[PDB]
Amino acid sequence: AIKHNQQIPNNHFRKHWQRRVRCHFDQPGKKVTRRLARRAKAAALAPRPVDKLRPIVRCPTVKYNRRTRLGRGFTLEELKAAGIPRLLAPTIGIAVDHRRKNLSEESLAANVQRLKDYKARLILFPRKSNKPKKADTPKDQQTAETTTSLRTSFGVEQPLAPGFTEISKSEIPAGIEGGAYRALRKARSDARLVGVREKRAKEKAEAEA
Amino acid sequence: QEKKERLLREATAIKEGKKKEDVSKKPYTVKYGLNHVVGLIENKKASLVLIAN
Amino acid sequence: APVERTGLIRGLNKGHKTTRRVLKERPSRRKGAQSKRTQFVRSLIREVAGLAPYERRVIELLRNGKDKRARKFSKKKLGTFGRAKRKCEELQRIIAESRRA
Amino acid sequence: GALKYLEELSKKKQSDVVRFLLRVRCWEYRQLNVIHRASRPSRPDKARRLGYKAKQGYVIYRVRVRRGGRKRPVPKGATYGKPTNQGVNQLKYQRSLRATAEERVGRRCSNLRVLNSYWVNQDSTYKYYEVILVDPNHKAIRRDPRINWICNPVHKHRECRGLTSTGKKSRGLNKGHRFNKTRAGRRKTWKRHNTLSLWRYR
RNA sequence: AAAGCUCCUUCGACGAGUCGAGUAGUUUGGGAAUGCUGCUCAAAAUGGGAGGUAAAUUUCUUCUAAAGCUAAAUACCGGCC
RNA sequence: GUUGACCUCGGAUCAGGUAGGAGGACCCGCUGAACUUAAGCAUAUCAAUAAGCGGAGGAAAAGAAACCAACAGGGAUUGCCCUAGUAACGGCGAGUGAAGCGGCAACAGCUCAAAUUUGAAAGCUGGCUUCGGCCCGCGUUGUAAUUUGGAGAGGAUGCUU
């Protein structure tokens, strides 16, 4: 029953909503539990970091197309290029993505650089102390300052390419021959008429011959 | 009975240095098993086939 | 191999310029490919089991007859137009080989 | 190798060879009980494909179902409701005859677990199914790690909870834009969409 | 004895009364029909499904169903504190 | 004729085992209303809810794509914020109403059928044993190793574990 000028109401309170009301009165309490779990996890993994290396990835829509972010795992082709055994990779903390594939060559190049400088920064204790092997650490460059986050030490350096640059005058290029607004209009109309134009051309050639 | 003694015989031969395939010989036996026999005739290795009814 | 992109959106070949590459074929895309062992089995079983009722009807309809009834009948029985075409074209082969035989 | 030929032959359920064979075997049934033991599978390939093995502890049962739609059980025809739901005589059950068949056999054999089931024969007024069951208390089962996952107290009577292959079908458990309202459980997502959440700092 | 890596002429088996279609009822925001179930018909090998408007012709993209297992982030004061 | 096997169906207070009931706040299914709103009322709404029935655990369920997209492409499942009171449904009335992308919590991958070990059923329940083995039985209408699409099999070649 409207009485004055108001906005037409629509409040979806017509079922028995009172039977399903969730209140978050334990927001601080949960936080404490999560922190206790992290410390326990950190103590179990004594000298290793907590997280696992992720690759660099570009967002998948036309919007958000500009930014980059972390992925889920490295593709099988990326691992082979860096020279890493397929099965040893998960053990030493590098992840693996069963179902991603590389179409271009910049993401491929970016990720192999990531692996290469990681392997240079990786220590590797032997499986038994009394018998070291050839691929282990020689026990003398084995004491150094370590990291544990591996998200801050290996996060995206810059998601968005630098906003602006500077160039000397008389080096600025020239636009498209006729304008840059006529270029868009022409490129649009061409795709609108692709079907009709090709059909008309084809009929004339066959009919004449 | 024959298999157990045969495996014992070749075991006592491997312990003085002589390798296997020297006390025994190539065996000739009949073949059986439904899928097994199908392979033997798919490969054109069989000579006669007897089927139950 | 792959064509290049024009470098401006809202066009006939829009995109952002990059160097597309060719990538080796995945073993998951060879699904519906003919293999030289399955064909042996199917030929043997076909000659052991024989034909089906609706199959026999379209044979006699196809031979010594026109062809629009055959396609209409096959679709009504099989369900879709695409499968009907394939069955008729394959079925034509078996009758044709017998005549040549 | 021969098992491949069997798969290819059983696909042609209309050829004269196959059609005659079913006609005789279906008479063999319908003279026995509605539920009874089977000494060995009648479709060895279809049984092997579903996990059946040949070793002590695996059993095969055979069952018959009434077939046809479900009539609403109500005294005479009265429903005492609104006209939008007062039909009685064209309604359909919301599960498959396979599930009903599996459930009855499970109640019969209360000390085994139900693995799967498959179709064997069919008439105007009956449908015949064969059910594969496993013994969870046999030592030969507890020894093998490919199956002993079923001996855990969380897989009790899963036929009647909807966890076999036919049960997963009659629920909407598949990925994609098509199975939206039932991907993770119809009741669960209804609760999620219909709850009202309030935080401390609104 | 068993295992891992680099190269190759050539091979490379992959789930049926199921998929799909017609029809009826129910349900969903799903609209020439989103899922489920009953009845009738009932497939194929570069095949098959999907690409949110029914149909024909010609291209393209992405996966590989009809067999199975597995902790954590989530719900709850019914039980013991 | 006698004798000895096989297949199917039975008896036994035979040897050894297993399920029912309770609880049901939370979870997985089936079946299934009306009061009420529409200022009347039948489609609609209350509601894919209450009552009834079946089945488990400390969590349950789901899960390693027959996915989303139309990008310079993402990559198991679960949960919170946002998308969004939006696309859409509706005597187009009252009303109802999702999903992709994005940030975070937590992260973990795998096994079977379809192949002939065929130069040797290499496999397993039970009973007895002194612990080394033996006996009957299951099983060739297929029990172990090998392979699961990321591949793999078959060939060379030199390293490493």
# chains A, B, ... in the order shown; residues from 1 in each chain; ligands from 1

call {"tool": "residues_around", "arguments": {"residues": "residue 42 (chain A)", "least_positions_apart": "6", "cutoff": "12 Å", "atoms": "only C-alpha atoms (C1' of nucleotides)", "output": "MDAnalysis selection string"}}
result
chainID A and resid 35:36 48:51 148:149

call {"tool": "write_last_selection", "arguments": {"atoms": "C-alpha atoms", "output": "JSON list (two decimals), in the first residue's frame"}}
result
[["chain", "number", "residue", "atom", "x", "y", "z"],
["A", 35, "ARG", "CA", 47.33, -18.55, 13.30],
["A", 36, "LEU", "CA", 47.92, -21.51, 15.63],
["A", 48, "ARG", "CA", 61.63, -25.50, 4.10],
["A", 49, "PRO", "CA", 59.30, -22.63, 3.18],
["A", 50, "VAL", "CA", 55.57, -22.96, 3.69],
["A", 51, "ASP", "CA", 54.19, -22.19, 0.22],
["A", 148, "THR", "CA", 59.82, -18.65, 4.31],
["A", 149, "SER", "CA", 57.03, -16.64, 2.65]]

call {"tool": "residues_around", "arguments": {"residues": "residue 19 (chain E)", "least_positions_apart": "2", "cutoff": "10 Å", "atoms": "only C-alpha atoms (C1' of nucleotides)", "output": "PyMOL selection string"}}
result
chain E and resi 16+43+48-49+65-66

call {"tool": "residues_around", "arguments": {"residues": "region 6-20 of chain D", "least_positions_apart": "6", "cutoff": "10 Å", "atoms": "only C-alpha atoms (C1' of nucleotides)", "output": "MDAnalysis selection string"}}
result
(chainID C and resid 38 41:42 44:46 48:54) or (chainID D and resid 43:46) or (chainID E and resid 15:17) or (chainID F and resid 114)

call {"tool": "closest_atom_pairs", "arguments": {"of": "chain A", "to": "chain D", "cutoff": "6 Å", "atoms": "only C-alpha atoms", "output": "JSON lines"}}
result
{"residue": "A:20", "atom": "CA", "partner": "D:195", "partner_atom": "CA", "distance": 5.3}
{"residue": "A:21", "atom": "CA", "partner": "D:196", "partner_atom": "CA", "distance": 5.3}
{"residue": "A:22", "atom": "CA", "partner": "D:197", "partner_atom": "CA", "distance": 4.9}
{"residue": "A:23", "atom": "CA", "partner": "D:198", "partner_atom": "CA", "distance": 5.3}
{"residue": "A:24", "atom": "CA", "partner": "D:199", "partner_atom": "CA", "distance": 5.4}

call {"tool": "interface_residues", "arguments": {"of": "chain D", "to": "chain E", "cutoff": "8 Å", "atoms": "only C-alpha atoms (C1' of nucleotides)", "output": "ChimeraX atom specification"}}
result
/D:11,13,49-51,68-69,90-96,149,170-172,178-179,181

call {"tool": "residues_around", "arguments": {"residues": "residue 62 (chain C)", "least_positions_apart": "4", "cutoff": "12 Å", "atoms": "only C-alpha atoms (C1' of nucleotides)", "output": "short mmCIF file (atom, residue, chain, number, x, y, z; two decimals) with N, CA, C and O atoms, in the first residue's frame"}}
result
data_model
loop_
_atom_site.label_atom_id
_atom_site.label_comp_id
_atom_site.auth_asym_id
_atom_site.auth_seq_id
_atom_site.Cartn_x
_atom_site.Cartn_y
_atom_site.Cartn_z
N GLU C 55 17.41 -52.15 -41.15
CA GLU C 55 18.44 -52.15 -42.18
C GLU C 55 17.97 -52.87 -43.43
O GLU C 55 18.13 -52.37 -44.55
N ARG C 56 17.37 -54.05 -43.27
CA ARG C 56 16.90 -54.80 -44.43
C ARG C 56 15.86 -54.03 -45.22
O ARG C 56 15.83 -54.09 -46.46
N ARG C 57 14.97 -53.31 -44.53
CA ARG C 57 13.93 -52.57 -45.24
C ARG C 57 14.52 -51.51 -46.16
O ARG C 57 14.09 -51.36 -47.31
N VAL C 58 15.50 -50.74 -45.67
CA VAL C 58 16.05 -49.68 -46.49
C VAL C 58 16.89 -50.25 -47.64
O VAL C 58 17.01 -49.62 -48.69
N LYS C 66 13.94 -45.19 -55.66
CA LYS C 66 14.42 -43.83 -55.56
C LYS C 66 15.12 -43.69 -54.20
O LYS C 66 15.30 -44.68 -53.48
N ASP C 67 15.52 -42.48 -53.82
CA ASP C 67 16.41 -42.30 -52.69
C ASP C 67 15.90 -41.33 -51.64
O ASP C 67 16.44 -41.33 -50.53
N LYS C 68 14.88 -40.53 -51.94
CA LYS C 68 14.37 -39.62 -50.92
C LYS C 68 13.57 -40.37 -49.87
O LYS C 68 13.58 -39.98 -48.70
N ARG C 69 12.89 -41.45 -50.25
CA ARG C 69 12.20 -42.27 -49.26
C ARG C 69 13.20 -42.93 -48.31
O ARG C 69 12.94 -43.04 -47.11
N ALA C 70 14.34 -43.38 -48.84
CA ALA C 70 15.34 -44.02 -48.01
C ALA C 70 15.86 -43.09 -46.93
O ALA C 70 16.02 -43.49 -45.77
N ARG C 71 16.14 -41.83 -47.29
CA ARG C 71 16.67 -40.89 -46.31
C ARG C 71 15.61 -40.49 -45.29
O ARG C 71 15.90 -40.37 -44.10
N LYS C 72 14.37 -40.27 -45.75
CA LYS C 72 13.30 -39.93 -44.82
C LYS C 72 13.04 -41.07 -43.85
O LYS C 72 12.86 -40.85 -42.65
N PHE C 73 13.00 -42.31 -44.35
CA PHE C 73 12.78 -43.46 -43.49
C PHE C 73 13.90 -43.62 -42.48
O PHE C 73 13.65 -43.89 -41.30
N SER C 74 15.15 -43.46 -42.92
CA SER C 74 16.28 -43.64 -42.02
C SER C 74 16.27 -42.61 -40.89
O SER C 74 16.60 -42.94 -39.75
N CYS C 88 23.19 -44.10 -44.58
CA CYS C 88 22.85 -44.35 -45.98
C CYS C 88 24.09 -44.41 -46.85
O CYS C 88 24.21 -45.29 -47.71
N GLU C 89 25.03 -43.48 -46.65
CA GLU C 89 26.22 -43.46 -47.49
C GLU C 89 27.11 -44.67 -47.22
O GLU C 89 27.71 -45.22 -48.15
N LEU C 91 25.91 -47.60 -45.95
CA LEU C 91 25.13 -48.76 -46.38
C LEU C 91 25.19 -48.92 -47.89
O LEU C 91 25.18 -50.04 -48.41
N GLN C 92 25.24 -47.81 -48.62
CA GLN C 92 25.39 -47.86 -50.07
C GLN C 92 26.65 -48.63 -50.46
O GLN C 92 26.67 -49.32 -51.48
N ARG C 93 27.72 -48.48 -49.69
CA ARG C 93 28.96 -49.17 -49.99
C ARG C 93 28.81 -50.69 -49.95
O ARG C 93 29.32 -51.39 -50.84
N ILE C 94 28.13 -51.23 -48.93
CA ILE C 94 28.03 -52.68 -48.81
C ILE C 94 27.22 -53.28 -49.96
O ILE C 94 27.57 -54.34 -50.49
N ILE C 95 26.12 -52.64 -50.34
CA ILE C 95 25.34 -53.15 -51.47
C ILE C 95 26.14 -53.03 -52.76
O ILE C 95 26.11 -53.93 -53.61
N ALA C 96 26.88 -51.93 -52.93
CA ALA C 96 27.66 -51.74 -54.15
C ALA C 96 28.76 -52.78 -54.30
O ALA C 96 28.97 -53.31 -55.40
#

call {"tool": "closest_atom_pairs", "arguments": {"of": "chain F", "to": "chain B", "cutoff": "8 Å", "atoms": "only C-alpha atoms (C1' of nucleotides)", "output": "tab-separated table"}}
result
residue	atom	partner	partner_atom	distance
F:116	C1'	B:36	CA	5.7
F:118	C1'	B:31	CA	7.9
F:119	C1'	B:26	CA	6.2
F:120	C1'	B:27	CA	7.9
F:140	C1'	B:33	CA	4.6
F:141	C1'	B:34	CA	7.6
F:142	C1'	B:33	CA	7.9

call {"tool": "write_last_selection", "arguments": {"atoms": "N, CA, C and O atoms (P, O5', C5', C4', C3', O3' and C1' of nucleotides)", "output": "PDB file, in the first residue's frame"}}
result
ATOM      1  P     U F 116      45.912 -60.774 -25.929  1.00  0.00           P
ATOM      2  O5'   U F 116      46.964 -61.841 -25.393  1.00  0.00           O
ATOM      3  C5'   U F 116      46.814 -62.432 -24.107  1.00  0.00           C
ATOM      4  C4'   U F 116      48.086 -63.099 -23.646  1.00  0.00           C
ATOM      5  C3'   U F 116      49.262 -62.159 -23.387  1.00  0.00           C
ATOM      6  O3'   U F 116      50.012 -62.641 -22.276  1.00  0.00           O
ATOM      7  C1'   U F 116      49.882 -63.781 -24.982  1.00  0.00           C
ATOM      8  P     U F 118      54.457 -64.113 -23.717  1.00  0.00           P
ATOM      9  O5'   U F 118      54.455 -65.684 -23.463  1.00  0.00           O
ATOM     10  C5'   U F 118      55.673 -66.416 -23.363  1.00  0.00           C
ATOM     11  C4'   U F 118      55.411 -67.889 -23.187  1.00  0.00           C
ATOM     12  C3'   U F 118      54.975 -68.619 -24.456  1.00  0.00           C
ATOM     13  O3'   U F 118      55.448 -69.964 -24.416  1.00  0.00           O
ATOM     14  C1'   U F 118      53.267 -68.771 -22.835  1.00  0.00           C
ATOM     15  P     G F 119      56.833 -70.363 -25.126  1.00  0.00           P
ATOM     16  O5'   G F 119      57.877 -70.466 -23.927  1.00  0.00           O
ATOM     17  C5'   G F 119      57.539 -71.149 -22.724  1.00  0.00           C
ATOM     18  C4'   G F 119      58.593 -70.985 -21.654  1.00  0.00           C
ATOM     19  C3'   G F 119      59.004 -69.546 -21.340  1.00  0.00           C
ATOM     20  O3'   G F 119      59.301 -69.429 -19.950  1.00  0.00           O
ATOM     21  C1'   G F 119      60.899 -70.780 -22.010  1.00  0.00           C
ATOM     22  P     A F 120      58.354 -68.560 -18.987  1.00  0.00           P
ATOM     23  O5'   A F 120      57.447 -69.638 -18.246  1.00  0.00           O
ATOM     24  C5'   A F 120      56.208 -70.069 -18.802  1.00  0.00           C
ATOM     25  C4'   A F 120      55.673 -71.287 -18.092  1.00  0.00           C
ATOM     26  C3'   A F 120      55.665 -71.199 -16.569  1.00  0.00           C
ATOM     27  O3'   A F 120      54.577 -71.965 -16.048  1.00  0.00           O
ATOM     28  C1'   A F 120      57.109 -72.949 -17.261  1.00  0.00           C
ATOM     29  P     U F 140      38.182 -70.385 -13.840  1.00  0.00           P
ATOM     30  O5'   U F 140      38.896 -69.918 -15.178  1.00  0.00           O
ATOM     31  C5'   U F 140      40.309 -69.790 -15.222  1.00  0.00           C
ATOM     32  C4'   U F 140      40.827 -69.766 -16.634  1.00  0.00           C
ATOM     33  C3'   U F 140      40.557 -71.031 -17.435  1.00  0.00           C
ATOM     34  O3'   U F 140      40.381 -70.699 -18.810  1.00  0.00           O
ATOM     35  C1'   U F 140      42.892 -70.717 -17.212  1.00  0.00           C
ATOM     36  P     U F 141      39.064 -71.196 -19.583  1.00  0.00           P
ATOM     37  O5'   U F 141      37.965 -70.103 -19.219  1.00  0.00           O
ATOM     38  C5'   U F 141      38.032 -68.796 -19.777  1.00  0.00           C
ATOM     39  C4'   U F 141      36.879 -67.927 -19.341  1.00  0.00           C
ATOM     40  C3'   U F 141      36.773 -67.664 -17.840  1.00  0.00           C
ATOM     41  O3'   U F 141      36.252 -66.352 -17.640  1.00  0.00           O
ATOM     42  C1'   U F 141      34.786 -68.664 -18.601  1.00  0.00           C
ATOM     43  P     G F 142      37.208 -65.145 -17.185  1.00  0.00           P
ATOM     44  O5'   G F 142      38.465 -65.857 -16.520  1.00  0.00           O
ATOM     45  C5'   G F 142      38.553 -66.008 -15.108  1.00  0.00           C
ATOM     46  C4'   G F 142      39.929 -65.654 -14.604  1.00  0.00           C
ATOM     47  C3'   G F 142      40.285 -64.172 -14.685  1.00  0.00           C
ATOM     48  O3'   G F 142      41.137 -63.837 -13.595  1.00  0.00           O
ATOM     49  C1'   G F 142      41.813 -65.419 -15.975  1.00  0.00           C
TER      50        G F 142
END

call {"tool": "residues_around", "arguments": {"residues": "residue 8 (chain C)", "least_positions_apart": "4", "cutoff": "10 Å", "atoms": "only C-alpha atoms (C1' of nucleotides)", "output": "mmCIF file with C-alpha atoms, in the first residue's frame"}}
result
data_model
loop_
_atom_site.group_PDB
_atom_site.id
_atom_site.type_symbol
_atom_site.label_atom_id
_atom_site.label_comp_id
_atom_site.auth_asym_id
_atom_site.auth_seq_id
_atom_site.Cartn_x
_atom_site.Cartn_y
_atom_site.Cartn_z
ATOM 1 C CA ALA A 183 40.394 3.795 -39.662
ATOM 2 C CA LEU A 184 38.028 2.346 -37.053
ATOM 3 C CA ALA A 187 37.675 -1.701 -40.252
ATOM 4 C CA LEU C 12 38.109 -8.615 -39.176
ATOM 5 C CA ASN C 13 41.268 -10.129 -37.652
ATOM 6 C CA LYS C 14 41.450 -8.219 -34.370
ATOM 7 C CA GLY C 15 43.834 -9.050 -31.555
ATOM 8 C CA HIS C 16 47.111 -8.059 -29.926
ATOM 9 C CA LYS C 17 50.246 -8.895 -31.894
#

call {"tool": "residues_around", "arguments": {"residues": "region 107-116 of chain A", "least_positions_apart": "2", "cutoff": "10 Å", "atoms": "only C-alpha atoms (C1' of nucleotides)", "output": "VMD selection string"}}
result
(chain A and resid 53 to 58 74 to 75 77 to 84 94 101 to 105 118 to 121 154) or (chain F and resid 72)

call {"tool": "closest_atom_pairs", "arguments": {"of": "chain C", "to": "chain F", "cutoff": "7 Å", "atoms": "only C-alpha atoms (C1' of nucleotides)", "output": "JSON lines"}}
result
{"residue": "C:16", "atom": "CA", "partner": "F:72", "partner_atom": "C1'", "distance": 5.9}
{"residue": "C:18", "atom": "CA", "partner": "F:72", "partner_atom": "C1'", "distance": 6.9}
{"residue": "C:27", "atom": "CA", "partner": "F:149", "partner_atom": "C1'", "distance": 5.4}
{"residue": "C:28", "atom": "CA", "partner": "F:149", "partner_atom": "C1'", "distance": 5.3}

call {"tool": "interface_residues", "arguments": {"of": "chain F", "to": "chain A", "cutoff": "9 Å", "atoms": "only C-alpha atoms (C1' of nucleotides)", "output": "PyMOL selection string"}}
result
chain F and resi 46-47+49+69+71-75+85+96+101-102+150

call {"tool": "select_by_dssp", "arguments": {"residues": "region 11-194 of chain D", "states": "strand (DSSP E or B)", "output": "PyMOL selection string"}}
result
chain D and resi 35-38+58-65+113-122+127-134

call {"tool": "select_by_dssp", "arguments": {"residues": "chain C", "states": "alpha helix (DSSP H)", "output": "MDAnalysis selection string"}}
result
chainID C and resid 38:49 53:62 68:78 81:100

call {"tool": "interface_residues", "arguments": {"of": "chain D", "to": "chain F", "cutoff": "6 Å", "atoms": "only C-alpha atoms (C1' of nucleotides)", "output": "PDB file with N, CA and C atoms, in the first residue's frame"}}
result
ATOM      1  N   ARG D  49      34.264 -55.381 -16.787  1.00  0.00           N
ATOM      2  CA  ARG D  49      34.403 -53.945 -16.996  1.00  0.00           C
ATOM      3  C   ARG D  49      33.982 -53.129 -15.785  1.00  0.00           C
ATOM      4  N   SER D 110      22.407 -58.626   3.881  1.00  0.00           N
ATOM      5  CA  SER D 110      22.704 -57.532   4.794  1.00  0.00           C
ATOM      6  C   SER D 110      24.143 -57.526   5.289  1.00  0.00           C
ATOM      7  N   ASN D 111      24.994 -58.430   4.811  1.00  0.00           N
ATOM      8  CA  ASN D 111      26.382 -58.471   5.255  1.00  0.00           C
ATOM      9  C   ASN D 111      27.375 -58.232   4.126  1.00  0.00           C
ATOM     10  N   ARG D 161      21.836 -44.768  -0.323  1.00  0.00           N
ATOM     11  CA  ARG D 161      22.163 -43.357  -0.177  1.00  0.00           C
ATOM     12  C   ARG D 161      22.371 -42.653  -1.509  1.00  0.00           C
ATOM     13  N   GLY D 176      29.537 -28.235 -15.532  1.00  0.00           N
ATOM     14  CA  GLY D 176      29.119 -27.427 -16.653  1.00  0.00           C
ATOM     15  C   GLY D 176      28.019 -26.452 -16.288  1.00  0.00           C
ATOM     16  N   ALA D 184      26.521 -29.542  -6.511  1.00  0.00           N
ATOM     17  CA  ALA D 184      27.113 -29.918  -5.234  1.00  0.00           C
ATOM     18  C   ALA D 184      26.088 -30.438  -4.236  1.00  0.00           C
TER      19      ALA D 184
END

call {"tool": "interface_residues", "arguments": {"of": "chain C", "to": "chain E", "cutoff": "9 Å", "atoms": "only C-alpha atoms (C1' of nucleotides)", "output": "PyMOL selection string"}}
result
chain C and resi 28-35+37-38+76-80+83+86-87

call {"tool": "decode", "arguments": {"residues": "region 75-89 of chain A", "atoms": "N, CA, C and O atoms", "output": "PDB file, in the first residue's frame"}}
result
ATOM      1  N   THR A  75      53.728 -25.808 -16.701  1.00  0.00           N
ATOM      2  CA  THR A  75      53.389 -26.799 -17.709  1.00  0.00           C
ATOM      3  C   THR A  75      54.544 -27.767 -17.927  1.00  0.00           C
ATOM      4  O   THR A  75      55.687 -27.517 -17.536  1.00  0.00           O
ATOM      5  N   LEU A  76      54.226 -28.895 -18.564  1.00  0.00           N
ATOM      6  CA  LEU A  76      55.224 -29.937 -18.773  1.00  0.00           C
ATOM      7  C   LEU A  76      56.320 -29.480 -19.725  1.00  0.00           C
ATOM      8  O   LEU A  76      57.478 -29.880 -19.572  1.00  0.00           O
ATOM      9  N   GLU A  77      55.977 -28.647 -20.707  1.00  0.00           N
ATOM     10  CA  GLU A  77      56.981 -28.149 -21.639  1.00  0.00           C
ATOM     11  C   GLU A  77      57.934 -27.180 -20.955  1.00  0.00           C
ATOM     12  O   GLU A  77      59.136 -27.172 -21.247  1.00  0.00           O
ATOM     13  N   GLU A  78      57.417 -26.354 -20.045  1.00  0.00           N
ATOM     14  CA  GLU A  78      58.270 -25.446 -19.287  1.00  0.00           C
ATOM     15  C   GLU A  78      59.297 -26.207 -18.461  1.00  0.00           C
ATOM     16  O   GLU A  78      60.472 -25.827 -18.417  1.00  0.00           O
ATOM     17  N   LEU A  79      58.872 -27.279 -17.790  1.00  0.00           N
ATOM     18  CA  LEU A  79      59.801 -28.067 -16.988  1.00  0.00           C
ATOM     19  C   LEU A  79      60.901 -28.674 -17.846  1.00  0.00           C
ATOM     20  O   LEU A  79      62.075 -28.669 -17.458  1.00  0.00           O
ATOM     21  N   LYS A  80      60.542 -29.204 -19.016  1.00  0.00           N
ATOM     22  CA  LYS A  80      61.534 -29.845 -19.874  1.00  0.00           C
ATOM     23  C   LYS A  80      62.575 -28.849 -20.364  1.00  0.00           C
ATOM     24  O   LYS A  80      63.764 -29.172 -20.443  1.00  0.00           O
ATOM     25  N   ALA A  81      62.148 -27.628 -20.696  1.00  0.00           N
ATOM     26  CA  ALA A  81      63.095 -26.628 -21.180  1.00  0.00           C
ATOM     27  C   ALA A  81      64.102 -26.251 -20.102  1.00  0.00           C
ATOM     28  O   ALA A  81      65.294 -26.094 -20.386  1.00  0.00           O
ATOM     29  N   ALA A  82      63.645 -26.101 -18.860  1.00  0.00           N
ATOM     30  CA  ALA A  82      64.560 -25.776 -17.775  1.00  0.00           C
ATOM     31  C   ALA A  82      65.448 -26.949 -17.394  1.00  0.00           C
ATOM     32  O   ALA A  82      66.471 -26.746 -16.732  1.00  0.00           O
ATOM     33  N   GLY A  83      65.083 -28.165 -17.787  1.00  0.00           N
ATOM     34  CA  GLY A  83      65.898 -29.325 -17.490  1.00  0.00           C
ATOM     35  C   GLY A  83      65.641 -29.870 -16.102  1.00  0.00           C
ATOM     36  O   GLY A  83      66.568 -30.013 -15.300  1.00  0.00           O
ATOM     37  N   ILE A  84      64.383 -30.183 -15.812  1.00  0.00           N
ATOM     38  CA  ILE A  84      63.978 -30.653 -14.491  1.00  0.00           C
ATOM     39  C   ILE A  84      63.205 -31.957 -14.648  1.00  0.00           C
ATOM     40  O   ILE A  84      62.292 -32.037 -15.482  1.00  0.00           O
ATOM     41  N   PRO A  85      63.545 -33.001 -13.897  1.00  0.00           N
ATOM     42  CA  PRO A  85      62.804 -34.261 -14.008  1.00  0.00           C
ATOM     43  C   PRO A  85      61.325 -34.074 -13.709  1.00  0.00           C
ATOM     44  O   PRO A  85      60.942 -33.335 -12.800  1.00  0.00           O
ATOM     45  N   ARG A  86      60.494 -34.743 -14.509  1.00  0.00           N
ATOM     46  CA  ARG A  86      59.044 -34.653 -14.357  1.00  0.00           C
ATOM     47  C   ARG A  86      58.593 -35.003 -12.946  1.00  0.00           C
ATOM     48  O   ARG A  86      57.708 -34.345 -12.387  1.00  0.00           O
ATOM     49  N   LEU A  87      59.190 -36.032 -12.351  1.00  0.00           N
ATOM     50  CA  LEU A  87      58.728 -36.535 -11.064  1.00  0.00           C
ATOM     51  C   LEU A  87      59.437 -35.895  -9.882  1.00  0.00           C
ATOM     52  O   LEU A  87      58.869 -35.843  -8.787  1.00  0.00           O
ATOM     53  N   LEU A  88      60.670 -35.427 -10.069  1.00  0.00           N
ATOM     54  CA  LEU A  88      61.385 -34.783  -8.974  1.00  0.00           C
ATOM     55  C   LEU A  88      60.808 -33.408  -8.657  1.00  0.00           C
ATOM     56  O   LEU A  88      60.892 -32.956  -7.510  1.00  0.00           O
ATOM     57  N   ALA A  89      60.232 -32.735  -9.652  1.00  0.00           N
ATOM     58  CA  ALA A  89      59.728 -31.374  -9.471  1.00  0.00           C
ATOM     59  C   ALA A  89      58.771 -31.211  -8.296  1.00  0.00           C
ATOM     60  O   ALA A  89      58.984 -30.295  -7.487  1.00  0.00           O
TER      61      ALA A  89
END
